[PDB]
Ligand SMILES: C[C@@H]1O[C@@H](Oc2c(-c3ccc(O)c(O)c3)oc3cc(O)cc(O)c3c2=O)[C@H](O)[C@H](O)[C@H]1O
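Take a look at this single chain, the form solved without the named molecule, given in structure tokens.
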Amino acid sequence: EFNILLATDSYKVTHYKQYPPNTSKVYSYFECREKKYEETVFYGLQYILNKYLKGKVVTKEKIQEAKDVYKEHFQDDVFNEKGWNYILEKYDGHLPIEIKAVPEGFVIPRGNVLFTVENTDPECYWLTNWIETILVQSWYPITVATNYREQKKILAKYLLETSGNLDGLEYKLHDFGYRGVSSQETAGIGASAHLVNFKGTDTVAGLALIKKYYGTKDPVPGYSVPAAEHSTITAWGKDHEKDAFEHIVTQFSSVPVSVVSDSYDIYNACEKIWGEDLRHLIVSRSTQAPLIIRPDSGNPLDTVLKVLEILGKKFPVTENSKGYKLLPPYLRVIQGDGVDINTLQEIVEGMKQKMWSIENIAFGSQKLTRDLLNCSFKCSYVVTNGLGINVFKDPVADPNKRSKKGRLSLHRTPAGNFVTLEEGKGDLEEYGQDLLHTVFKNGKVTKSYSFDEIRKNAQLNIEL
């Protein structure tokens, strides 16, 4: 079973011995430090609070386990048994910590306080930074939610330009990343962050995480459609690709179906198999049940443009009100190979240049890290001998790693923007009310958001 006492960086076990003696308060904060990606979607802390931090997280058994493990790990006794026993005895294993945070789904410029953490009992001054490691992992859903919002902005721009509207934007970037992430847990978290922005997903795990920790009015937050993979085409044999295609589109004749078409020759498949041999089975399909042709190899832009040029000559194309070419409603394309934010941008611009509407295409979804948005957790205020002091790092060779000082608060500016106030200056009351809310206190979650509210908070300006 999960043990919070074994869920921290090893050296943090030794930190209670390193703070100034008579320290009663340690106060720390998380930011996406300021140096593309000028604003971040704050998302994912609520999962962490609920799965790992709330309730009786300390037991006699868990304390003994940590004692035994650290004894071998450090080859010495350095584990703070007494401190954890205090929390067990005094608070029935609930963490005497208060966490304040911006609402989930909030879109906030870099360099602002997003959450703060402090101990609520003088005896547990060491606890604030013990849980740094776990809370810092929020960088992942934040960065994923953020990156996908940025992709949506690009898609929205180009769909609006080529079509005159945003219809179907939420299905334009489908999550196919399940097998490409590092773990099952990561699959659920990352997919949920994707679903903040889009509705189309092949990663089931996202749906369950959302239902358990956030909640939606609807039965599910995300949807998929039948689709082929290379094995369901190749199993038929190299000479029977046409047979595979006919069987699949016939099995899925009244729902949308995606069919990977590059097993052997994408261009032949589009022009001769779909565009000739099986054409009668495609033109007869309903607008609610299109064939979605999926190329999956080659240069992403060149392949997409050639696939469209091929289909344009085999199927009736219209020109929409904005002047852009549009395939018939029973025929679409999905490109899910090598689509990152850069390649996404190159494809939609390339399509636009060739007078193809973004209506025609969807994308399928990569190496995001903690340094991308500079997600960082730092101590900014401590009380020692009853005196509060503002603390910070400011390394000489890197001004960008300078941290914020003292008690922090988040405020609306007179122009309606965000500003973080340092050194407890929030208390001067010149900038109105703190925009952070208490989300966790003494083992309990004190404020939470539905996934529906999170989606509303994360909307694009163009959608509003």
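Quick note: we count residues from 1 along the sequence shown, nothing fancier.
Here the subject shifts to the form deposited with the named molecule bound, a form of this protein not shown in this document.
Screening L311, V333, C124, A205 for any heavy atom within 4.5 Å of the named molecule in the bound PDB entry leaves a single hit, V333. Among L305, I134, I273, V225, the residue placing a heavy atom within 4.5 Å of the named molecule in the bound PDB entry is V225. A residue is said to contact a partner when one of its heavy atoms sits within 4.5 Å of a partner heavy atom; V249 fails this definition for the named molecule in the bound PDB entry, lying far away. Although the partner is absent here, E118 lies well away from the named molecule in the bound PDB entry, with no heavy atom inside 4.5 Å. Not displayed here, the named molecule is kept clear of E150 by more than 4.5 Å at the level of heavy atoms in the bound PDB entry.
Residue contact with the named molecule in the bound PDB entry: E359 places a heavy atom within 4.5 Å of it.
Note that among 77-85, 172-180, 313-321, 207-215, the stretch whose heavy atoms approach the named molecule to within 4.5 Å in the bound PDB entry is 172-180. Along 284-310, these residues reach a heavy atom to within 4.5 Å of the named molecule in the bound PDB entry: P290, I292.
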